[PDB]
Number of protein chains: 2
Amino acid sequence: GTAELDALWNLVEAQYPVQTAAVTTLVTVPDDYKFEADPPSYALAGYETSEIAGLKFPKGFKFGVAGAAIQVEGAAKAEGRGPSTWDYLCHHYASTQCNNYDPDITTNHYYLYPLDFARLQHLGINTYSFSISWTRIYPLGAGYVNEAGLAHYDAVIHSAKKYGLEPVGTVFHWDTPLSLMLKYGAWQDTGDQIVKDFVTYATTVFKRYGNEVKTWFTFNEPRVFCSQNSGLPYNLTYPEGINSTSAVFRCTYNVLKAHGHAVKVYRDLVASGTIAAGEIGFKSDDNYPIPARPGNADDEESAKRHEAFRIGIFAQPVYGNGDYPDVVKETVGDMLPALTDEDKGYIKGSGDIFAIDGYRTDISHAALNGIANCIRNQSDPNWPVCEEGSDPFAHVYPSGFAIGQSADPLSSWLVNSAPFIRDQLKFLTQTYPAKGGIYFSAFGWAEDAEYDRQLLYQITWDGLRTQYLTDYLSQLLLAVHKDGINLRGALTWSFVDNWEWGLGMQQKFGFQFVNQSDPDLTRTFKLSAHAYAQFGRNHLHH
Amino acid sequence: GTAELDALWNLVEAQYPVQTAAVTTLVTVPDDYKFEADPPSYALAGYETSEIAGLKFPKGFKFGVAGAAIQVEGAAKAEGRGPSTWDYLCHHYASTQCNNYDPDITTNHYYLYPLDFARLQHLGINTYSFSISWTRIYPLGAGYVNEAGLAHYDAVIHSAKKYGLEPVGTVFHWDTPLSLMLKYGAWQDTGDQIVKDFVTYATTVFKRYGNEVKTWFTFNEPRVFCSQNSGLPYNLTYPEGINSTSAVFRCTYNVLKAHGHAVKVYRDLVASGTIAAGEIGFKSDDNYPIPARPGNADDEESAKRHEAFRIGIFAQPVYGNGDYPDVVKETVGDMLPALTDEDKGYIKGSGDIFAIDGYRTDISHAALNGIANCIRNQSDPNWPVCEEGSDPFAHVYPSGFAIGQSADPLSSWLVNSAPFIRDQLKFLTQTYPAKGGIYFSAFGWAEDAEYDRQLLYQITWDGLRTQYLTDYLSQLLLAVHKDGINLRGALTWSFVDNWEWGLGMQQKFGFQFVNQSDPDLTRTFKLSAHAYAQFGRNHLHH
Ligand SMILES: OC[C@H]1O[C@@H](O[C@@H]2[C@H](O)[C@@H](O)[C@H](O[C@H]3[C@H](O)[C@@H](O)[C@@H](O)O[C@@H]3CO)O[C@@H]2CO)[C@H](O)[C@@H](O)[C@H]1O
Ligand SMILES: OC[C@H]1O[C@@H](O[C@@H]2[C@H](O)[C@@H](O)[C@H](O[C@H]3[C@H](O)[C@@H](O)[C@@H](O)O[C@@H]3CO)O[C@@H]2CO)[C@H](O)[C@@H](O)[C@H]1O
Ligand SMILES: *[C@@H]1O[C@H](CO)[C@@H](O[C@@H]2O[C@H](CO)[C@@H](O)[C@H](O)[C@H]2NC(C)=O)[C@H](O)[C@H]1NC(C)=O
Ligand SMILES: *[C@@H]1O[C@H](CO)[C@@H](O[C@@H]2O[C@H](CO)[C@@H](O)[C@H](O)[C@H]2NC(C)=O)[C@H](O)[C@H]1NC(C)=O
Ligand SMILES: *[C@@H]1O[C@H](CO)[C@@H](O)[C@H](O)[C@H]1NC(C)=O
Ligand SMILES: *[C@@H]1O[C@H](CO)[C@@H](O)[C@H](O)[C@H]1NC(C)=O
Ligand SMILES: *[C@@H]1O[C@H](CO)[C@@H](O)[C@H](O)[C@H]1NC(C)=O
Ligand SMILES: *[C@@H]1O[C@H](CO)[C@@H](O)[C@H](O)[C@H]1NC(C)=O
Ligand SMILES: *[C@H]1O[C@H](CO)[C@@H](O)[C@H](O)[C@@H]1O
Ligand SMILES: *[C@H]1O[C@H](CO)[C@@H](O)[C@H](O)[C@@H]1O
């Protein structure tokens, strides 16, 4: 091994070493694998509305699940991988930033992916969304390439297709190479090295997999990702001139450039015939919130500010007119870099497909101390949106009632807001049109206190997750038939309980349970998985 | 004699005294009382299915709520009340038996009943089920009567009727006078003084209220109650030869005798014209489970034994042939006093109406070591039912999936088993026929971890309780029209988060939240409260 690689992992493991999973050997799926038995036939009763009878998704609709490399894989040091910022963060600040978990092992999907795909095939899933661990490809972020890393995902893509699973690839899902952060501040780079290094990485994976993967996303939820750059460990290494309030908007600019340059490479690769033709975008999230008091110009202004800061700041340069929303530039000023002419050439139109992580719709209350007062105070707790961002407002009507069912309070951003899906999709497809249509790239549930159950039968009958997915899929189906949305697919987060960033393995978003108390991390289907399978059975073509 | 109440309350308050609520006056309800606003109109959908469309409950159907004196009243020492066994227990074993709560104050419904009823009227409730604290009437259980106690419930009954709530009265809901337990044991009385004392007590309340209260239950869930007499504080004072076990079955007989004698008096009072004619029974609970493996003779046997020990042991003497179930006679008997013919003369036919606290339906797995070996070993953990009684069996098919959604793990006995309700009602009304029909006398939900929520909007959108109540009401509604069941009403446990026995105020059963972190214990409506209200509008007569 290369010494700089060893130094980085020594650094990360200075307080505690990377833990090694029970089993570390590509598992083999016996042809006689026995799935656990189906739930009672009555369990799925009355989840569906009669309003969707006979309706089918379009031919080719992507009906699938989502995971992310660092969230499901484990094998943090296997086969030459280098450390990311999250390996460092959680090996150094586990008790204050990571709920005493780390991503060393997670669900062990790095070694168990063949079994997972077999279990996904049993439910009729037809699409598998995954992310590439950058550090499996470039262990130092730049420089030498790790052939074992490229080869792992070769094997991953082939088994999935073997199990009927169309692979959909995200190049970057938040697992920043630690090395690039130390060298020059990674996404806070005041220069352009992060773009050069990212495009090289993207070129390699495009060349290696572009013949097999025909739907690509550059970045997963860049607004959420860049907002993290205001925190540890990014703020141990800010470049000179960089604050922790602008680490988010310098990241915004660097990310928009990385996306544009990468899409050009992807399109050049297609136009040269090197890889099969496909579609590329990035996954947006959040929403265009409803005013707390309808018709009130203040609530509408804070709703617009929210859309612009949570969606427009990335989607308007790419799928709209090619510039930032006007409200963002005016409030942030010189913290947000201006788009040079060359930048707009790459960024504007650099999205074949729109993708929305449509977990929910919020409610926007204008700041009680005034939006005009708030936008002028970077120290205001509601800056820069200048709505009331705290939970007792963002989810609550003046009536005091919530917009909808709340999920686990540790993921209090999450609510069941199915009635609003069709409105978001009309807004997104009219404002950020993409020639390839729109994906529902991530929706899912954290059932309240599911981590405190100790007996499996209590876990597997997961009613509120099971009806979220049904509510959401139903509105998705009506968006196609009643609204003509060019909806390309529905991907649920996630297929297994996994490592949910700062919340670790405590928070359960899976429709399969993962027995952390089992060295084998053995798997078992929840009711919500069978509801997902059946909705597929009723509303997919075959 | 005297009012040696002081000796008794000093005993109870020996470790710490009874706490006094912040409000100890009768509240007055302003005519302009403003209710909190309704939830979004787009709520309540997908609960009511298409299958119960156009169906109505019978004219006069009691569509109401249930509470109990020691669970909602508080005022444990107000206006002359004597102590109950639960006052003693929770002031002495708070940390080990009462989850560090006591019923001193509870929801303070003793003083807030006018506001509670005004709020119930706002939802269109027409029936209010309540119990009388025996110790408010006879503070020493027998002897001197507390006129203030009798007069309090006069004011409650008159106010309830004023708010459109037909009052339904339960004579005894587990609050045994401590004095009677100490004097000669409670229901473990080897003589017959407890029957005399109860009958004297029942007569007083029948005379005072029978012109206003026309539906009566003697005992709430006596099988559950008598099983409590195997625990503290009852087992500090058994009058030998009564050992634990020999405590549950002496109680069953004394209660059956108490029930039969009290019902006879009730009938003499009606027949003499002293009180308006009404109906009287008792509230059964539990269920006749389903065999884990259908057609298996062992699972069918343990299911039958379960019904017999949980329903038949009280219901067969009262509504059936007048004797214990044969399987009960065969296993116990040497612990169970024989029902004399004079006993049978009072007990047989002493139920004008049946009532089932139909929380759930269980699954019966025959004991893994054989029923025959379990029944002959009083020390087997599965004696005397000799099914597998533990949670991983009682709720689980051999397939490993649950019978239905589980509730809060501290009330793990509770599951949503709506699909089996109709099957339960046919068995009960064909096996234990009553001329007045059958009441669904309690059902309700303990929403998982609702006690851990910190923000009101998260508490009030209670999706699975809303679901539970609509699912059950829908099956009740289908039971009348498809099965012709003479179902007389539906009463939900409960209208407010109350004091659940040993769990104290931690467990949340209300369709209104009671902010126990208030000096006023302010009530706020949950979604299930409006769901209960909405179902009434859609399916009641009025
Ligand atoms: O399963 C995890 C879940 O996380 C979700 O992110 C949530 C919101 O979508 C996102 O807007 C919000 O943004 C936070 C950021 O994470 C915090 O670090 C902090 O800086 O404040 C921001 C808001 O100002 O984060 C939420 C979770 O914390 C993802 O959307 C979802 O895909 C899942 O990954
Ligand atoms: O408070 C919630 C709910 O509790 C219900 O009682 C539960 C079961 O119905 C009942 O069968 C069970 O009986 C227990 C008993 O409490 C124990 O002391 C011991 O004897 O084991 C028995 C089971 O074999 O108790 C359950 C709650 O503890 C009530 O019926 C209902 O009204 C509610 O109060
Ligand atoms: C560096 O990032 C850290 C941690 O991610 C920020 O830590 C937060 O600090 C604020 C201010 O005290 C606390 O209120 C937060 O609760 C901390 N967040 C959590 C939970 O991690 C820290 O402020 C950032 N440092 C700088 C440069 O400001
Ligand atoms: C998660 O795995 C643990 C460990 O394997 C399980 O605990 C064991 O359960 C088996 C059931 O066959 C028992 O035979 C063992 O005795 C248990 N081990 C212990 C700790 O005593 C646990 O049941 C699993 N949890 C779930 C939800 O499946
Ligand atoms: C007496 O009661 C307590 C619970 O109240 C119980 O633990 C104990 O086992 C009971 N029986 C005996 C043996 O006294
Ligand atoms: C209780 O007494 C019965 C007889 O009434 C006896 O058979 C049983 O073994 C005793 N058990 C104890 C000591 O709990
Ligand atoms: C009775 O059951 C106990 C366990 O509950 C067992 O240990 C004891 O040996 C049994 N006695 C017989 C002979 O069944
Ligand atoms: C209960 O009331 C207290 C004080 O008024 C308040 O702080 C708290 O938010 C209330 N509880 C809820 C969750 O509504
Ligand atoms: C995976 O890695 C482990 C290291 O603990 C080995 O023991 C195993 O043989 C496999 O190579
Ligand atoms: C009891 O009466 C007092 C006044 O004596 C009130 O303040 C209270 O609200 C309740 O009505």
Task: Residue satisfying condition, being surrounded by fewer than 20 Cβ atoms within 10 Å (Cβ to Cβ) and of a type in the set (A, V, I, L, M, F, W, C), within set B:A186, B:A160, B:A151 - done: B:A151
Task: Among (1) in a loop (DSSP other than H, G, I, E, B); (2) touching a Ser or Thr at 6+ places or on another chain (Cβ under 6 Å), the one test that B:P114 misses - done: (1)
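Quick grid of which residues meet (1) more than 16 Å from ligand 6 (Cβ to nearest atom); (2) touching a helix residue (DSSP H, G or I) at 6+ places or on another chain (Cβ under 9 Å); (3) within 14 Å of chain A (Cβ to nearest Cβ):
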| residue | (1), (2), (3) |
| --- | --- |
| B:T492 | yes, yes, no |
| B:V496 | yes, yes, no |
| B:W499 | yes, yes, no |
| B:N515 | yes, yes, yes |
| B:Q534 | yes, yes, no |
| B:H541 | yes, no, no |
- [ ] Keeping to segment A:453-470, report how many residues are out of contact with any strand residue (DSSP E or B) (no Cβ under 6 Å at 6 or more places or on another chain) and either facing chain B (nearest Cβ under 8 Å) or of a type in the set (G, A, S) (or both).
- [x] 8
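A quick yes/no check of all residues on (1) more than 16 Å from ligand 3 (Cβ to nearest atom); (2) of a type in the set (D, E, K, R); (3) closer than 26 Å to B:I313 by Cβ; (4) outside any helix (DSSP H, G or I):
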residue: B:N369; (1), (2), (3), (4): yes, no, yes, yes
residue: B:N377; (1), (2), (3), (4): yes, no, yes, yes
residue: B:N382; (1), (2), (3), (4): yes, no, yes, yes
residue: B:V385; (1), (2), (3), (4): yes, no, yes, yes
residue: B:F393; (1), (2), (3), (4): yes, no, yes, no
residue: B:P398; (1), (2), (3), (4): yes, no, no, yes
residue: B:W413; (1), (2), (3), (4): yes, no, yes, yes
residue: B:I421; (1), (2), (3), (4): yes, no, yes, no
Task: Output for segment B:326-367, where each listed residue is in a loop (DSSP other than H, G, I, E, B) and within 16 Å of ligand 2 (Cβ to nearest atom) - done: B:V332, B:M335, B:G358, B:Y359, B:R360, B:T361, B:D362, B:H365, B:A367
Open item on the list: So if I check each of B:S159, B:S246, B:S227, B:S179, which one is free of Cβ contacts under 8 Å to residues at least 40 places away in the same chain, of a type in the set (G, A, S) and not in a loop (DSSP other than H, G, I, E, B)?
Closed with: B:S227
Open item on the list: If I ask for residues that are within 19 Å of the chain's Cα centre (by Cα) and in a loop (DSSP other than H, G, I, E, B), which ones from segment B:435-470 would you list?
Closed with: B:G437, B:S441, B:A442, B:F443, B:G444, B:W445, B:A446, B:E447
- [ ] Filter segment A:117-139 for residues that are small (G, A, S) and assigned to a helix (DSSP H, G or I) and give the result.
- [x] A:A118
Open item on the list: Anything in segment A:233-279 that is touching a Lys or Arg at 6+ places or on another chain (Cβ under 8 Å), β-branched (V, I, T) and either within 30 Å of A:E166 (Cβ to Cβ) or within 16 Å of ligand 8 (Cβ to nearest atom) (or both)? List them, or say none.
Closed with: A:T274, A:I275
Task: Sole exception among (1) crowded, with 21+ Cβ neighbours inside 10 Å; (2) away from every other protein chain (no Cβ under 14 Å); (3) within 15 Å of ligand 2 (Cβ to nearest atom) for B:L503, by number - done: (1)
- [ ] Could you tell me whether segment A:455-477 includes any residue that is touching a residue at least 60 places away in the same chain (Cβ under 8 Å), acidic (D, E) and crowded, with 23+ Cβ neighbours inside 10 Å?
- [x] yes
- [ ] Kindly establish whether B:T252 is away from ligand 2 (no atom under 12 Å from the Cβ), in contact (Cβ under 8 Å) with a residue 24 or more places away in the chain and in a strand (DSSP E or B).
- [x] no
- [ ] All but one of (1) assigned to a helix (DSSP H, G or I); (2) surrounded by fewer than 24 Cβ atoms within 10 Å (Cβ to Cβ) hold for B:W174, so report the exception by its number.
- [x] (1)
Open item on the list: Take the residues in segment B:232-276 that are surrounded by 15 or more Cβ atoms within 10 Å (Cβ to Cβ) and of a type in the set (G, A, S); name whichever of them is nearest to ligand 6 (Cβ to nearest atom).
Closed with: B:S246
- [ ] Return a yes/no flag: does segment A:471-490 have any residue that is within 14 Å of chain B (Cβ to nearest Cβ), of a type in the set (K, R) and part of a helix (DSSP H, G or I).
- [x] no
- [ ] Out of the residues in segment A:228-265 that are touching a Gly at 6+ places or on another chain (Cβ under 9 Å) and of a type in the set (V, I, T), state the one that is farthest from A:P325 (Cα to Cα).
- [x] A:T237
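None of the figures in this text is laboratory data; all of them are computed from the coordinates on show. Methodologically, a virtual Cβ is constructed for each residue, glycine included, from the backbone with ideal geometry; neighbour enumeration extends over all protein chains shown.
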